[PDB]
Structure formats: C-alpha cells, structure tokens
$ cat work.cif   # mmCIF, C-alpha atoms and all ligand atoms
data_query
loop_
_atom_site.group_PDB
_atom_site.id
_atom_site.type_symbol
_atom_site.label_atom_id
_atom_site.label_comp_id
_atom_site.auth_asym_id
_atom_site.auth_seq_id
_atom_site.Cartn_x
_atom_site.Cartn_y
_atom_site.Cartn_z
ATOM 1 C CA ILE A 1 -9.082 -6.143 -5.062
ATOM 2 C CA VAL A 2 -12.808 -6.614 -4.336
ATOM 3 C CA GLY A 3 -14.814 -8.861 -6.661
ATOM 4 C CA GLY A 4 -11.799 -9.938 -8.696
ATOM 5 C CA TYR A 5 -10.180 -13.245 -9.600
ATOM 6 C CA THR A 6 -6.887 -15.040 -8.946
ATOM 7 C CA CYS A 7 -4.559 -13.867 -11.684
ATOM 8 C CA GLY A 8 -2.475 -17.017 -11.850
ATOM 9 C CA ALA A 9 1.208 -17.170 -10.900
ATOM 10 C CA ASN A 10 3.347 -14.665 -12.787
ATOM 11 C CA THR A 11 0.665 -13.678 -15.316
ATOM 12 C CA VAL A 12 1.241 -9.980 -14.440
ATOM 13 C CA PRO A 13 5.085 -9.848 -14.695
ATOM 14 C CA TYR A 14 5.382 -6.055 -14.192
ATOM 15 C CA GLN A 15 3.538 -6.194 -10.841
ATOM 16 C CA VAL A 16 5.691 -5.271 -7.851
ATOM 17 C CA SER A 17 5.115 -5.594 -4.096
ATOM 18 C CA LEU A 18 6.527 -2.828 -1.806
ATOM 19 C CA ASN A 19 7.567 -4.463 1.465
ATOM 20 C CA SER A 20 8.751 -3.155 4.837
ATOM 21 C CA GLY A 21 8.330 -6.373 6.821
ATOM 22 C CA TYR A 22 4.897 -6.748 5.219
ATOM 23 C CA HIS A 23 3.230 -5.784 1.920
ATOM 24 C CA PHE A 24 1.960 -2.186 2.046
ATOM 25 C CA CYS A 25 1.633 -1.104 -1.595
ATOM 26 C CA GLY A 26 1.952 -2.259 -5.178
ATOM 27 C CA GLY A 27 4.023 -0.872 -8.035
ATOM 28 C CA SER A 28 4.887 -1.386 -11.711
ATOM 29 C CA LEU A 29 8.294 -2.198 -13.141
ATOM 30 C CA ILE A 30 8.971 0.207 -16.050
ATOM 31 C CA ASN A 31 12.572 -0.799 -16.775
ATOM 32 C CA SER A 32 15.206 -2.992 -15.095
ATOM 33 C CA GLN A 33 15.994 -0.345 -12.482
ATOM 34 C CA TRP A 34 12.846 1.756 -12.006
ATOM 35 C CA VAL A 35 9.433 1.203 -10.444
ATOM 36 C CA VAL A 36 6.473 3.565 -10.554
ATOM 37 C CA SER A 37 4.111 3.665 -7.557
ATOM 38 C CA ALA A 38 1.914 6.170 -5.674
ATOM 39 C CA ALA A 39 3.398 9.078 -3.699
ATOM 40 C CA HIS A 40 1.171 8.262 -0.731
ATOM 41 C CA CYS A 41 2.981 4.914 -0.505
ATOM 42 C CA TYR A 42 6.195 6.722 0.365
ATOM 43 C CA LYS A 43 8.135 5.339 3.328
ATOM 44 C CA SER A 44 11.810 4.751 4.134
ATOM 45 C CA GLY A 45 13.195 1.204 4.251
ATOM 46 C CA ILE A 46 11.447 -0.087 1.154
ATOM 47 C CA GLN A 47 12.246 -3.524 -0.280
ATOM 48 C CA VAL A 48 10.866 -4.082 -3.763
ATOM 49 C CA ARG A 49 9.662 -7.651 -4.324
ATOM 50 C CA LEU A 50 9.480 -8.749 -7.978
ATOM 51 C CA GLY A 51 8.108 -11.980 -9.490
ATOM 52 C CA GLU A 52 5.732 -12.578 -6.610
ATOM 53 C CA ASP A 53 2.529 -14.565 -6.548
ATOM 54 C CA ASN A 54 2.074 -15.827 -2.984
ATOM 55 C CA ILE A 55 3.621 -13.030 -0.916
ATOM 56 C CA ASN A 56 3.853 -15.187 2.197
ATOM 57 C CA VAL A 57 5.768 -18.139 0.712
ATOM 58 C CA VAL A 58 9.063 -18.232 -1.180
ATOM 59 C CA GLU A 59 8.021 -20.274 -4.255
ATOM 60 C CA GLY A 60 10.851 -19.457 -6.647
ATOM 61 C CA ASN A 61 11.062 -16.611 -9.233
ATOM 62 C CA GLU A 62 11.175 -13.870 -6.552
ATOM 63 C CA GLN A 63 13.783 -11.127 -6.612
ATOM 64 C CA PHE A 64 14.071 -8.939 -3.489
ATOM 65 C CA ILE A 65 15.844 -5.657 -4.246
ATOM 66 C CA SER A 66 16.231 -2.669 -1.926
ATOM 67 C CA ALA A 67 15.169 0.761 -3.133
ATOM 68 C CA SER A 68 18.195 3.073 -3.435
ATOM 69 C CA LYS A 69 15.948 6.140 -3.654
ATOM 70 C CA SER A 70 12.292 7.109 -3.822
ATOM 71 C CA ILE A 71 11.292 10.241 -5.713
ATOM 72 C CA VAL A 72 7.880 11.625 -4.734
ATOM 73 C CA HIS A 73 6.476 14.115 -7.292
ATOM 74 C CA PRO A 74 7.557 17.617 -6.067
ATOM 75 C CA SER A 75 3.958 18.857 -6.450
ATOM 76 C CA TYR A 76 2.261 15.968 -4.661
ATOM 77 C CA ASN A 77 -0.473 17.280 -2.331
ATOM 78 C CA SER A 78 -1.357 14.927 0.536
ATOM 79 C CA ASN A 79 -4.666 16.683 1.167
ATOM 80 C CA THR A 80 -6.010 16.483 -2.371
ATOM 81 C CA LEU A 81 -3.901 13.526 -3.515
ATOM 82 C CA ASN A 82 -3.157 15.511 -6.658
ATOM 83 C CA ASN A 83 0.035 14.247 -8.402
ATOM 84 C CA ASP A 84 -0.054 10.946 -6.505
ATOM 85 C CA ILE A 85 2.958 9.387 -8.268
ATOM 86 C CA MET A 86 6.430 8.297 -7.110
ATOM 87 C CA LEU A 87 9.463 6.777 -8.833
ATOM 88 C CA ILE A 88 11.598 4.182 -7.070
ATOM 89 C CA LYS A 89 15.148 3.405 -8.170
ATOM 90 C CA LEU A 90 16.382 -0.125 -7.411
ATOM 91 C CA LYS A 91 19.762 -0.641 -5.740
ATOM 92 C CA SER A 92 20.569 -3.179 -8.510
ATOM 93 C CA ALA A 93 18.997 -3.946 -11.888
ATOM 94 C CA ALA A 94 16.328 -6.627 -11.852
ATOM 95 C CA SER A 95 16.904 -9.774 -13.922
ATOM 96 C CA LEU A 96 14.281 -9.517 -16.653
ATOM 97 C CA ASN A 97 12.805 -12.758 -17.900
ATOM 98 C CA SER A 98 9.485 -14.484 -18.607
ATOM 99 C CA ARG A 99 8.214 -13.897 -15.071
ATOM 100 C CA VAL A 100 9.708 -10.456 -14.401
ATOM 101 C CA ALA A 101 9.126 -7.927 -17.169
ATOM 102 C CA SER A 102 8.525 -4.209 -17.556
ATOM 103 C CA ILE A 103 5.329 -2.474 -18.711
ATOM 104 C CA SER A 104 5.320 0.275 -21.372
ATOM 105 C CA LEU A 105 4.444 3.895 -20.659
ATOM 106 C CA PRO A 106 1.578 5.264 -22.806
ATOM 107 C CA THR A 107 2.098 7.475 -25.831
ATOM 108 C CA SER A 108 -1.420 8.906 -25.508
ATOM 109 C CA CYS A 109 -4.164 8.977 -22.881
ATOM 110 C CA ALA A 110 -6.829 6.267 -22.813
ATOM 111 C CA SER A 111 -10.448 7.008 -23.697
ATOM 112 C CA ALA A 112 -13.555 6.383 -21.607
ATOM 113 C CA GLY A 113 -14.773 2.825 -22.113
ATOM 114 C CA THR A 114 -11.267 1.420 -22.498
ATOM 115 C CA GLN A 115 -11.098 -1.878 -20.612
ATOM 116 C CA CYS A 116 -8.085 -2.252 -18.308
ATOM 117 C CA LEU A 117 -6.536 -4.783 -15.926
ATOM 118 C CA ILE A 118 -5.981 -3.718 -12.330
ATOM 119 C CA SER A 119 -4.110 -5.990 -9.915
ATOM 120 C CA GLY A 120 -2.821 -6.215 -6.355
ATOM 121 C CA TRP A 121 -2.681 -7.878 -2.942
ATOM 122 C CA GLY A 122 -5.032 -5.422 -1.259
ATOM 123 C CA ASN A 123 -8.159 -5.965 0.783
ATOM 124 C CA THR A 124 -10.691 -8.281 -0.929
ATOM 125 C CA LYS A 125 -13.671 -7.157 1.209
ATOM 126 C CA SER A 126 -15.999 -4.105 1.021
ATOM 127 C CA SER A 127 -17.104 -4.497 4.620
ATOM 128 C CA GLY A 128 -14.198 -5.768 6.663
ATOM 129 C CA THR A 129 -10.602 -6.816 6.082
ATOM 130 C CA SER A 130 -9.356 -9.884 4.254
ATOM 131 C CA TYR A 131 -5.963 -9.824 2.566
ATOM 132 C CA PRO A 132 -5.079 -12.477 -0.049
ATOM 133 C CA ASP A 133 -1.871 -14.493 -0.294
ATOM 134 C CA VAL A 134 -1.889 -14.554 -4.074
ATOM 135 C CA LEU A 135 -2.289 -11.781 -6.637
ATOM 136 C CA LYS A 136 -5.857 -10.770 -7.558
ATOM 137 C CA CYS A 137 -6.956 -9.306 -10.875
ATOM 138 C CA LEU A 138 -9.875 -7.183 -12.061
ATOM 139 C CA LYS A 139 -10.948 -6.020 -15.503
ATOM 140 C CA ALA A 140 -12.620 -2.599 -15.323
ATOM 141 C CA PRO A 141 -13.408 0.182 -17.795
ATOM 142 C CA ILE A 142 -12.251 3.813 -17.668
ATOM 143 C CA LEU A 143 -15.313 5.953 -16.818
ATOM 144 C CA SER A 144 -16.276 9.228 -18.489
ATOM 145 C CA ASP A 145 -15.035 12.458 -16.899
ATOM 146 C CA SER A 146 -18.610 13.604 -16.360
ATOM 147 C CA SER A 147 -19.534 10.469 -14.425
ATOM 148 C CA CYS A 148 -16.271 10.670 -12.495
ATOM 149 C CA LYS A 149 -16.823 14.314 -11.495
ATOM 150 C CA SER A 150 -20.456 13.641 -10.627
ATOM 151 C CA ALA A 151 -19.347 10.865 -8.272
ATOM 152 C CA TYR A 152 -16.760 13.048 -6.502
ATOM 153 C CA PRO A 153 -17.838 16.695 -6.918
ATOM 154 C CA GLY A 154 -14.829 19.004 -6.561
ATOM 155 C CA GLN A 155 -12.274 16.288 -5.811
ATOM 156 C CA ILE A 156 -11.220 15.184 -9.299
ATOM 157 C CA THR A 157 -8.290 17.076 -10.840
ATOM 158 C CA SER A 158 -7.075 16.787 -14.430
ATOM 159 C CA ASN A 159 -4.451 14.295 -13.174
ATOM 160 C CA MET A 160 -7.045 11.735 -12.135
ATOM 161 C CA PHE A 161 -9.566 9.405 -13.750
ATOM 162 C CA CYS A 162 -12.215 7.021 -12.488
ATOM 163 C CA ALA A 163 -12.388 3.358 -13.483
ATOM 164 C CA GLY A 164 -14.701 0.629 -12.292
ATOM 165 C CA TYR A 165 -18.405 -0.066 -11.802
ATOM 166 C CA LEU A 166 -21.060 2.361 -10.576
ATOM 167 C CA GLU A 167 -23.206 -0.554 -9.438
ATOM 168 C CA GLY A 168 -20.418 -1.357 -6.984
ATOM 169 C CA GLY A 169 -19.113 -4.802 -6.052
ATOM 170 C CA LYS A 170 -15.837 -4.750 -8.004
ATOM 171 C CA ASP A 171 -13.015 -2.291 -7.255
ATOM 172 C CA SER A 172 -9.415 -1.888 -6.060
ATOM 173 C CA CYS A 173 -9.021 -1.221 -2.323
ATOM 174 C CA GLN A 174 -6.539 -0.460 0.484
ATOM 175 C CA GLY A 175 -3.297 -2.352 -0.135
ATOM 176 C CA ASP A 176 -3.723 -2.133 -3.905
ATOM 177 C CA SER A 177 -2.447 1.496 -3.816
ATOM 178 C CA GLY A 178 0.488 2.256 -6.086
ATOM 179 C CA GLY A 179 -0.423 -0.677 -8.325
ATOM 180 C CA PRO A 180 -0.945 -0.796 -12.128
ATOM 181 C CA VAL A 181 -3.967 -0.038 -14.308
ATOM 182 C CA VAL A 182 -2.920 -1.434 -17.673
ATOM 183 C CA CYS A 183 -4.895 -0.791 -20.832
ATOM 184 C CA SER A 184 -3.906 -2.228 -24.214
ATOM 185 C CA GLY A 185 -0.466 -3.091 -22.891
ATOM 186 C CA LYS A 186 0.261 0.424 -21.604
ATOM 187 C CA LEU A 187 0.411 1.565 -17.992
ATOM 188 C CA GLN A 188 -2.393 4.166 -17.871
ATOM 189 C CA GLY A 189 -3.094 4.437 -14.158
ATOM 190 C CA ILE A 190 -1.828 4.036 -10.602
ATOM 191 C CA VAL A 191 -4.218 2.898 -7.851
ATOM 192 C CA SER A 192 -4.722 6.047 -5.755
ATOM 193 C CA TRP A 193 -7.874 6.516 -3.676
ATOM 194 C CA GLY A 194 -11.597 6.137 -3.412
ATOM 195 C CA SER A 195 -14.391 6.425 -0.888
ATOM 196 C CA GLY A 196 -14.490 3.004 0.740
ATOM 197 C CA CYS A 197 -14.189 0.052 -1.652
ATOM 198 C CA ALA A 198 -16.618 -1.252 -4.231
ATOM 199 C CA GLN A 199 -19.375 1.043 -2.967
ATOM 200 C CA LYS A 200 -22.270 2.027 -5.247
ATOM 201 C CA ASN A 201 -21.579 5.275 -7.166
ATOM 202 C CA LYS A 202 -18.082 5.510 -5.624
ATOM 203 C CA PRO A 203 -15.662 4.111 -8.234
ATOM 204 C CA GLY A 204 -11.903 3.981 -7.833
ATOM 205 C CA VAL A 205 -9.807 7.051 -8.632
ATOM 206 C CA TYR A 206 -6.484 6.674 -10.384
ATOM 207 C CA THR A 207 -3.456 8.795 -11.187
ATOM 208 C CA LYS A 208 -3.503 9.666 -14.890
ATOM 209 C CA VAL A 209 -0.066 8.424 -15.957
ATOM 210 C CA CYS A 210 -0.225 9.923 -19.464
ATOM 211 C CA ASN A 211 0.123 13.404 -17.905
ATOM 212 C CA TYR A 212 3.480 12.367 -16.410
ATOM 213 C CA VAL A 213 5.402 10.651 -19.206
ATOM 214 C CA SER A 214 7.686 13.671 -19.782
ATOM 215 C CA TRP A 215 8.338 14.069 -16.076
ATOM 216 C CA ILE A 216 9.089 10.338 -15.682
ATOM 217 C CA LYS A 217 11.538 10.283 -18.564
ATOM 218 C CA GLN A 218 13.326 13.481 -17.513
ATOM 219 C CA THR A 219 13.622 12.323 -13.904
ATOM 220 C CA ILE A 220 14.918 8.857 -14.790
ATOM 221 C CA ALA A 221 17.420 10.400 -17.189
ATOM 222 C CA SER A 222 18.853 12.618 -14.457
ATOM 223 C CA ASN A 223 19.111 10.022 -11.680
HETATM 224 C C1 LIG A 301 -9.461 6.911 6.145
HETATM 225 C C2 LIG A 301 -9.309 8.368 6.628
HETATM 226 O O1 LIG A 301 -9.195 9.244 5.488
HETATM 227 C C3 LIG A 301 -9.424 10.563 5.827
HETATM 228 O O2 LIG A 301 -9.693 10.894 6.991
HETATM 229 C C4 LIG A 301 -9.344 11.645 4.736
HETATM 230 O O3 LIG A 301 -9.808 11.098 3.500
HETATM 231 N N1 LIG A 301 -9.680 12.098 2.404
HETATM 232 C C5 LIG A 301 -10.051 11.778 1.184
HETATM 233 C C6 LIG A 301 -9.925 12.804 0.012
HETATM 234 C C7 LIG A 301 -9.573 12.358 -1.284
HETATM 235 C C8 LIG A 301 -9.457 13.286 -2.346
HETATM 236 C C9 LIG A 301 -9.692 14.668 -2.134
HETATM 237 C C10 LIG A 301 -10.043 15.123 -0.849
HETATM 238 N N2 LIG A 301 -10.159 14.188 0.222
HETATM 239 C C11 LIG A 301 -10.607 10.354 0.894
HETATM 240 C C12 LIG A 301 -9.387 9.378 0.771
HETATM 241 C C13 LIG A 301 -8.110 9.871 0.358
HETATM 242 C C14 LIG A 301 -7.008 9.019 0.178
HETATM 243 C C15 LIG A 301 -7.169 7.614 0.410
HETATM 244 C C16 LIG A 301 -8.456 7.099 0.827
HETATM 245 C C17 LIG A 301 -9.564 7.987 1.007
HETATM 246 N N3 LIG A 301 -8.402 5.734 0.994
HETATM 247 C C18 LIG A 301 -7.066 5.515 0.658
HETATM 248 C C19 LIG A 301 -6.554 4.069 0.705
HETATM 249 N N4 LIG A 301 -6.524 3.351 -0.591
HETATM 250 C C20 LIG A 301 -7.616 3.103 -1.496
HETATM 251 C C21 LIG A 301 -8.963 3.202 -1.088
HETATM 252 C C22 LIG A 301 -9.998 2.951 -1.996
HETATM 253 C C23 LIG A 301 -9.729 2.591 -3.353
HETATM 254 C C24 LIG A 301 -10.767 2.336 -4.258
HETATM 255 N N5 LIG A 301 -12.056 2.357 -3.947
HETATM 256 N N6 LIG A 301 -10.590 2.017 -5.526
HETATM 257 C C25 LIG A 301 -8.344 2.500 -3.738
HETATM 258 C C26 LIG A 301 -7.310 2.752 -2.823
HETATM 259 N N7 LIG A 301 -6.228 6.591 0.289
HETATM 260 C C27 LIG A 301 -4.788 6.640 -0.111
HETATM 261 C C28 LIG A 301 -11.893 10.010 1.612
HETATM 262 C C29 LIG A 301 -11.781 9.881 0.074
HETATM 263 CA CA CA A 302 6.445 -15.521 -2.808
#

$ encode --input "work.cif" --output "structure tokens" --more "lines below"
Ligand SMILES: CCOC(=O)CO/N=C(/c1ccccn1)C1(c2ccc3c(c2)nc(CNc2ccc(C(=N)N)cc2)n3C)CC1
Ligand SMILES: [Ca+2]
Amino acid sequence: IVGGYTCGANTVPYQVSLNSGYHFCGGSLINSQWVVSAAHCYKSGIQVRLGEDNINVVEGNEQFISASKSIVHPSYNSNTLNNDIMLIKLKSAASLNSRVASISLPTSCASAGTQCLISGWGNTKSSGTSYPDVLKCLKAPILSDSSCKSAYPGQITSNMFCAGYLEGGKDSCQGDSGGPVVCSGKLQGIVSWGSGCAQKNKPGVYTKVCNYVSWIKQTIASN
C-alpha cells in the first residue's frame, strides 16, 4: 500500500496473508473454511495466515492453516487478467473470534464515489521496494467507468473497476494482490493489477466481486 497508514493490530479481521515461506499475496476470509483471493496469486504449497499484524513476528492471535485446494476461475485469462478471482479451501475451519472474522459478500454492486478500505502488506513505495512488517490501510473511492476506461483504453472488462486517486500518491501495489476492497462492510473488490503504483492517471484496477457472487456460492456448495 502506497500512501496509506498503519491499520492497527487486528482492525481488519478478515484480512489473510498467503504464505509460501514468505508473504506473496493477500486474501479475505468469507467463512470459517473459505478464502477469496486473486487467480494470479495461484501457487501450490499455500499456507493461509489469519489474525496477522506483524507478519515477521509471532505475536499471538495467528492461525496458520494449510490450503486443501485452490480453485482458480475456469475462465481466468492470464493475458488480460479477466476473471482474476480464486477460492481457497482451508484444510481445517478457522477459529472465528474478535480478531479473526469473515467479511460479507455484496448483494449489489457498489456505485462510483463509494469510499472503500483497501489493505495489505505490499510494497509501500512508488519508486523502489519497501515492504512493511505490519498491515497498511488505505481509504479510496470507486472511480467512474468512464474515467477508468479513459485511464486504461481497451484493458478494462466488465469484471473490473478502478479505485483510487488520479493525482497519484496513494494506491495498492505489488504484494497487495488478492487482498480486500471493502465498501460499507461488503467485499466489493480484489486487488488485481495496475500500471506501476500510485502513478498519476494510473489508478488501481480491481476484480468486481459482485459479478461473481453466484459463482462463489455454487462453487463453495459443491466442494
Ligand atoms: C511487470 C511485467 O508485466 C508485463 O510484462 C505485462 O503486463 N501486462 C499488463 C496488462 C494488464 C491488463 C491487460 C493487458 N495487459 C499490466 C499488468 C498486469 C498484471 C499485473 C501488473 C501489471 N502488475 C501486477 C502486480 N500487482 C499490482 C500492481 C499494481 C497495482 C496497483 N497500482 N493498484 C496493484 C497490484 N499484476 C498482477 C501492465 C499493466
Ligand atoms: Ca505475526
């Protein structure tokens, strides 16, 4: 997260860290046994780390659970990043409590202007690399489709939306991928891609979760 602030330990209880000997992507806990992340975060040997704040120190409240299976959307396209969404089933159910809780799926799509909270342990620098120990947060609005399409001509599909600041300076970045974009208590987006980080006229692009609620429910119900 570039230009954000320290969230504060366990203030984003649905935030998950995907780990394979190091943090590589974020995720959102949607129920005691399922996590939603980005398809481009797919990798074998995934350990889901819940209740984390400082990812480099065991401080208490952490739950490390192996993924029993990862389900990348069948229509995910690695070239266009269309349908960049993946479901991860935990080997065991997480212990839900004050510091580890699930986020609700939306019942309707969010409108332009809606303010949302984006979080993660990704790069905190626009020019260079600096990864934080603790979870960073950023409040950013959902941009209009016209502004989004004008920023990335021909690269925005109906399963994507832009959120952030055109003036640059505040944005999600590498390492934040797969993480949550929560608006009014509903998970509306998944950190997906962008051109650089926090660059002027190059806002972040996110997977439009509201287009996948039926798919998510049907898939979870059959696995
Ligand atoms: C770094 C090398 O990348 C390449 O060579 C190809 O990039 N190809 C594309 C592309 C996207 C959509 C449609 C067509 N082509 C891209 C692209 C595509 C996928 C990407 C990407 C950049 N960067 C990432 C890494 N994560 C990331 C980056 C920036 C973010 C942001 N600004 N909010 C949020 C997350 N991922 C994941 C240049 C914009
Ligand atoms: Ca920790």

$ residues_near_ligand --input "work.cif" --ligand "ligand CA 302 (chain A)" --cutoff "6 Å" --atoms "only C-alpha atoms and all ligand atoms" --output "JSON, numbers by chain"
{"A": [52, 53, 54, 55, 56, 57, 58, 59]}

$ atom_distance --input "work.cif" --atom1 "CA of residue 121 (chain A)" --atom2 "CA of residue 26 (chain A)"
7.6 Å

$ closest_residue --input "work.cif" --among "A:195, A:108, A:150, A:95" --to "ligand LIG 301 (chain A)" --atoms "only C-alpha atoms and all ligand atoms"
A:195

$ residues_near_ligand --input "work.cif" --ligand "ligand LIG 301 (chain A)" --cutoff "10 Å" --atoms "only C-alpha atoms and all ligand atoms" --output "PyMOL selection string"
chain A and resi 1-2+25+38-41+77-82+84+122-123+126+152-157+162-164+168+170-179+190-199+202-206

$ residues_around --input "work.cif" --residues "residue 51 (chain A)" --least-positions-apart "5" --cutoff "6 Å" --atoms "only C-alpha atoms" --output "PyMOL selection string"
chain A and resi 61-62+99-100

$ closest_residue --input "work.cif" --among "A:90, A:182, A:30, A:101" --to "residue 216 (chain A)" --atoms "only C-alpha atoms"
A:30

$ closest_atom_pairs --input "work.cif" --of "region 67-145 of chain A" --to "region 8-18 of chain A" --cutoff "9 Å" --atoms "all atoms listed in the file" --output "JSON lines"
{"residue": "A:97", "atom": "CA", "partner": "A:13", "partner_atom": "CA", "distance": 8.9}
{"residue": "A:98", "atom": "CA", "partner": "A:13", "partner_atom": "CA", "distance": 7.5}
{"residue": "A:99", "atom": "CA", "partner": "A:13", "partner_atom": "CA", "distance": 5.1}
{"residue": "A:100", "atom": "CA", "partner": "A:13", "partner_atom": "CA", "distance": 4.7}
{"residue": "A:101", "atom": "CA", "partner": "A:13", "partner_atom": "CA", "distance": 5.1}
{"residue": "A:102", "atom": "CA", "partner": "A:14", "partner_atom": "CA", "distance": 5.0}
{"residue": "A:103", "atom": "CA", "partner": "A:14", "partner_atom": "CA", "distance": 5.8}
{"residue": "A:119", "atom": "CA", "partner": "A:15", "partner_atom": "CA", "distance": 7.7}
{"residue": "A:120", "atom": "CA", "partner": "A:15", "partner_atom": "CA", "distance": 7.8}
{"residue": "A:121", "atom": "CA", "partner": "A:17", "partner_atom": "CA", "distance": 8.2}
{"residue": "A:134", "atom": "CA", "partner": "A:9", "partner_atom": "CA", "distance": 7.9}
{"residue": "A:135", "atom": "CA", "partner": "A:8", "partner_atom": "CA", "distance": 7.4}
{"residue": "A:136", "atom": "CA", "partner": "A:8", "partner_atom": "CA", "distance": 8.3}
{"residue": "A:137", "atom": "CA", "partner": "A:12", "partner_atom": "CA", "distance": 9.0}

$ write_last_selection --input "work.cif" --atoms "C-alpha atoms" --output "PDB file, keeping the file's coordinate frame"
ATOM      1  CA  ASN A  97      12.805 -12.758 -17.900  1.00  0.00           C
ATOM      2  CA  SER A  98       9.485 -14.484 -18.607  1.00  0.00           C
ATOM      3  CA  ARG A  99       8.214 -13.897 -15.071  1.00  0.00           C
ATOM      4  CA  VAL A 100       9.708 -10.456 -14.401  1.00  0.00           C
ATOM      5  CA  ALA A 101       9.126  -7.927 -17.169  1.00  0.00           C
ATOM      6  CA  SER A 102       8.525  -4.209 -17.556  1.00  0.00           C
ATOM      7  CA  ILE A 103       5.329  -2.474 -18.711  1.00  0.00           C
ATOM      8  CA  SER A 119      -4.110  -5.990  -9.915  1.00  0.00           C
ATOM      9  CA  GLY A 120      -2.821  -6.215  -6.355  1.00  0.00           C
ATOM     10  CA  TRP A 121      -2.681  -7.878  -2.942  1.00  0.00           C
ATOM     11  CA  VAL A 134      -1.889 -14.554  -4.074  1.00  0.00           C
ATOM     12  CA  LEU A 135      -2.289 -11.781  -6.637  1.00  0.00           C
ATOM     13  CA  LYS A 136      -5.857 -10.770  -7.558  1.00  0.00           C
ATOM     14  CA  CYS A 137      -6.956  -9.306 -10.875  1.00  0.00           C
TER      15      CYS A 137
END

$ residues_around --input "work.cif" --residues "residue 66 (chain A)" --least-positions-apart "2" --cutoff "12 Å" --atoms "all atoms listed in the file" --output "NGL selection string"
:A and (17-20 or 33-35 or 44-50 or 63-64 or 68-70 or 88-94)

$ write_last_selection --input "work.cif" --atoms "C-alpha atoms" --output "JSON list (two decimals), keeping the file's coordinate frame"
[["chain", "number", "residue", "atom", "x", "y", "z"],
["A", 17, "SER", "CA", 5.12, -5.59, -4.10],
["A", 18, "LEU", "CA", 6.53, -2.83, -1.81],
["A", 19, "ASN", "CA", 7.57, -4.46, 1.46],
["A", 20, "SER", "CA", 8.75, -3.16, 4.84],
["A", 33, "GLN", "CA", 15.99, -0.34, -12.48],
["A", 34, "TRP", "CA", 12.85, 1.76, -12.01],
["A", 35, "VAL", "CA", 9.43, 1.20, -10.44],
["A", 44, "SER", "CA", 11.81, 4.75, 4.13],
["A", 45, "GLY", "CA", 13.20, 1.20, 4.25],
["A", 46, "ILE", "CA", 11.45, -0.09, 1.15],
["A", 47, "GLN", "CA", 12.25, -3.52, -0.28],
["A", 48, "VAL", "CA", 10.87, -4.08, -3.76],
["A", 49, "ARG", "CA", 9.66, -7.65, -4.32],
["A", 50, "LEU", "CA", 9.48, -8.75, -7.98],
["A", 63, "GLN", "CA", 13.78, -11.13, -6.61],
["A", 64, "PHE", "CA", 14.07, -8.94, -3.49],
["A", 68, "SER", "CA", 18.20, 3.07, -3.44],
["A", 69, "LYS", "CA", 15.95, 6.14, -3.65],
["A", 70, "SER", "CA", 12.29, 7.11, -3.82],
["A", 88, "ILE", "CA", 11.60, 4.18, -7.07],
["A", 89, "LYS", "CA", 15.15, 3.40, -8.17],
["A", 90, "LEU", "CA", 16.38, -0.12, -7.41],
["A", 91, "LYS", "CA", 19.76, -0.64, -5.74],
["A", 92, "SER", "CA", 20.57, -3.18, -8.51],
["A", 93, "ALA", "CA", 19.00, -3.95, -11.89],
["A", 94, "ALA", "CA", 16.33, -6.63, -11.85]]

$ atom_distance --input "work.cif" --atom1 "CA of residue 141 (chain A)" --atom2 "CA of residue 104 (chain A)"
19.1 Å

$ closest_residue --input "work.cif" --among "A:118, A:85, A:112, A:166" --to "residue 211 (chain A)" --atoms "all atoms listed in the file"
A:85

$ atom_distance --input "work.cif" --atom1 "CA of residue 180 (chain A)" --atom2 "CA of residue 160 (chain A)"
13.9 Å

$ closest_residue --input "work.cif" --among "A:3, A:124, A:147, A:86" --to "residue 27 (chain A)" --atoms "only C-alpha atoms"
A:86

$ closest_residue --input "work.cif" --among "A:185, A:21, A:4, A:106" --to "residue 217 (chain A)" --atoms "only C-alpha atoms"
A:106
